[PDB]
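Engineer: no sequence on this one, just coordinates:
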């Protein structure tokens with residue numbers, strides 16, 4: 001919608017819920033998301049550093 005996200009990506013739950021609460025509080029749009037399961041190499045190669 002209007003949450004500044006690319007549909008198909010993998011984002012953290014904390015950031016996702018923070019963005020969903022921030023956006024609806026001012027403009028209003030809920031993004032969609034289903035839980036996912038990853039490996040131990042894709043979780044290690046997708047860190048924030």
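Structural biologist: It's in. Residues are numbered from 1 along each chain as shown.
Engineer: All the helices of the protein, in order from the start?
Structural biologist: All helices of the chain, identified by DSSP state H, fall at 13-26.
Engineer: Please list all residues in contact with residue 5.
Structural biologist: The neighbours of residue 5, taking Cβ atoms under 8 Å, 6 or more residues apart in numbering as the test, are 11, 19, 31. The C-beta positions use only the backbone N, C-alpha and C, and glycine is treated the same way.
Engineer: Buried subset of those, written for PyMOL?
Structural biologist: Buried residues among the contacts of residue 5 (16 or more other Cβ atoms under 10 Å), as a PyMOL selection:
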select buried, resi 31
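Engineer: Go through the contacts of residue 5 and say which is closest to residue 4.
Structural biologist: Using Cβ to Cβ, residue 19 comes nearest to residue 4 of the contacts of residue 5, at 7.7 Å.
Engineer: For residue 20, grab the count of nearby residues.
Structural biologist: Around residue 20 there are 16 other residues, counting by other Cβ atoms under 10 Å.
Engineer: likewise residue 44?
Structural biologist: The burial metric for residue 44, expressed as a neighbour count using other Cβ under 10 Å, is 9.
Engineer: Can you tell me how far it is from residue 11?
Structural biologist: Using Cβ to Cβ, to the nearest Å, we find residue 44 at a distance of 17 Å from residue 11.
Engineer: How about residue 34?
Structural biologist: Where residue 11 is concerned, residue 34 sits at a distance of 12 Å (Cβ to Cβ).
Engineer: With residue 28 instead?
Structural biologist: Here residue 28 is placed at a distance of 20 Å from residue 11 (Cβ to Cβ).
Engineer: Just the endpoints, please. Distance across stretch 30-37?
Structural biologist: Counting by Cα to Cα, to the nearest Å, the length from the leading to the trailing residue of stretch 30-37 is 22 Å.
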